[PDB]
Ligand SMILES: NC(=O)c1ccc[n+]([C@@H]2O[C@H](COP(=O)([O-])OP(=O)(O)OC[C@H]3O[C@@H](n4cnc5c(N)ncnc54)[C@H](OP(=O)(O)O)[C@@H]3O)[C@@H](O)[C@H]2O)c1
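In the block that follows, a single chain appears as structure tokens, in the form deposited without the ligand.
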């Protein structure tokens, strides 16, 4: 038979991702490695960034993209003693997850709870690990705090809103199109704001003149500066994405050097006088901290088993319609996770 997979063959529009095949050879994973068949693959903003050549560490083209997936183990290499054929597992990697069969280090896989579906598992890792580390490891989210979650209807955003509810009395401001406000309030947003029909900075200050304690910034650019200045004493803005670029254009423009005009910069003296902190985060740029990531996953699985987090699914697309799947996200039409299925 034949195993299918998606291949990025160049940088540019949606048409640069091609569906290709390959002969299914018998599984022979080396030591400490696992071979598995995927049932669902996650789509992340970092994938759109990769596709336009903005990712400093995407392996040499052509390559199969994708950072997360969920599936079944069909083969285990020598050494590994906590995984067996037939185990349902979710997996995290730098690339290569958008295909039917993957071989990876066992330590990069995690057991899926019995009650969790493959779809939920594929929608969990990247979004919730990011939200968790942004809110807790950097933000040090505390009871009585107020948070601004940009793109609150997106995967990370929805994960962030849900996590904010696991802490007492946290006021959540969330930005997204008015058309999604109802879903925003149902997920846990306190004050939904349409950054397209209003000025979100003013809209937040009318309600909380002092500002907020944490700003989650997946936008970057001139929005980082607005986040920083929206901070209350002891607050922090955490940048984990550059949506103000990777979104909109179907092909990257080299006149993005102009983008420099809007890059946010800070001096220690400014931070000192304002009692603020600016932080940066990207799971795709996190260097070999398996023990750190693993501890976070465990926390998330416990929250799941207790009914406190539930990955919401926006849509599921077959490898054949990857173009539309990427469009769903880039055009900001999704409410929840966008997944791909073999």
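Numbering follows the first chain given and starts at 1. Between two forms, the rigid core is defined as the largest C-alpha subset superposing within 1.5 Å.
There is another form of this protein, the form solved in complex with the ligand, and it is not shown here; the text below is about that form.
- Using a 2.4 Å cut-off against backbone and C-beta atoms, the ligand, superposed onto this form from its pose in the deposited bound form, places 3 or more atoms that close, and the site is blocked.
- Here is the short version: of 22, 18, 332, 321, the single residue with a heavy atom within 4.5 Å of the ligand in the deposited bound form is 332.
- Proximity to the ligand in the deposited bound form, defined as a heavy atom within 4.5 Å, singles out one entry of 241, 227, 235, 71, which is 241.
- Among residues of the shown chain, residue 130 is one whose heavy atoms approach the ligand to within 4.5 Å in the deposited bound form.
- Shown alone here, residue 136 lies farther than 4.5 Å from the ligand in the deposited bound form, counting heavy atoms only.
- Taking the partner from the other structure, the ligand in the deposited bound form has no heavy atom within 4.5 Å of any heavy atom of residue 262.
- Heavy atoms of residue 281 reach within 4.5 Å of the ligand in the deposited bound form, making it an interface residue.
- In summary, the region of this chain contacting the ligand in the deposited bound form, judged by heavy atoms within 4.5 Å and restricted to 76-84, 121-129, 198-206, 102-110, corresponds to 121-129.
- The three marked residues, 156, 177 and 246, each reach the ligand in the deposited bound form, with a heavy atom inside 4.5 Å.
- Only 247, out of 247, 146, 108, 162, shows a C-alpha shift of 2 Å or more between the shown form and the other one on alignment of the rigid core.
- Once both forms are fitted on their core, the CA shift for residue 190 between the shown form and the other one remains under 2 Å.
- A displacement of 2 angstroms or greater separates the C-alpha positions of residue 258 between the shown form and the other one, with the rigid core held in common.
- Between this form and the other one, the CA-CA gap for residue 255 and residue 329 narrows by 3 Å or more, being smaller in the deposited bound form.
- Between residue 247 and residue 70, the C-alpha separation grows by 3 Å or more in the deposited bound form, relative to the conformation displayed.
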